[PDB]
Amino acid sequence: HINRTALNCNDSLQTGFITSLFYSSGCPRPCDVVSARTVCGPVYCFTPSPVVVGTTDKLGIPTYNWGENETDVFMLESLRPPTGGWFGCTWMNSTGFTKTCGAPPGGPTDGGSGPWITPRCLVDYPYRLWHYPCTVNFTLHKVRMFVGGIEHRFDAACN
């Protein structure tokens, strides 16, 4: 189940961002399909709660090539809520840059691009501080809500 994580990590600027994958001062695009050869690390798509996306092909068959074959892709469109709620996904590209995808913010009350449910809050997930180092001092709040019928328990990181 570990092969399903893309590992095209190209630390070209000598920043050491790949290290925390094994074990801070400087502090939209539509989620369709991304090529795994540009991804380094886990891909978290944000339904009301966070979910892990693994390397698959175009049909959706899971691949176990660490995201190296050019046919490897991430089907972010297939993870969308059918009821049409807010949606977004984040990941890290080969050179240590956090990438986001989601719906354009229709207003200040609407959601952001990544895990930004609010322009102030952020969905907590195991790799939040790796993709977003500046949110370390954010406060966590436990959240319960019904979206499209499903219950969703998750934590949000706000100022």
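Note that residue numbering follows the sequence shown and begins at 1.
Count class of coordinate-free deposited residues lying between the neighbours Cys27 and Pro28
Gap size class: 10 or more residues without coordinates, per the record.
Mean Cα B factor from the PDB record: higher for 104 to 112, or higher for 44 to 52?
The stretch with the larger mean CA B-factor is 104 to 112.
Record-listed C-alpha B factor of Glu68: chain third:
Within its chain, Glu68 is a middle-third residue by C-alpha B-factor, going by the deposited values.
Within this chain, which third does the Cα B-factor at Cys158 fall in: lowest, middle or highest?
Tercile = highest for this residue's CA B-factor.
Compared with the other modelled residues in the chain, in which third is the CA B-factor of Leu21?
For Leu21, whose C-alpha B-factor we compare with every modelled residue in the chain, the answer is the lowest third.
Quick check for you: using the entry's CA B-factors within this chain, is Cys9 in the lowest, middle or highest third?
CA B-factor rank for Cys9: lowest third.
Going by the CA temperature factor in the PDB record, which third of the chain does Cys121 belong to: lowest, middle or highest?
Answer is middle: the recorded C-alpha B-factor places it there.
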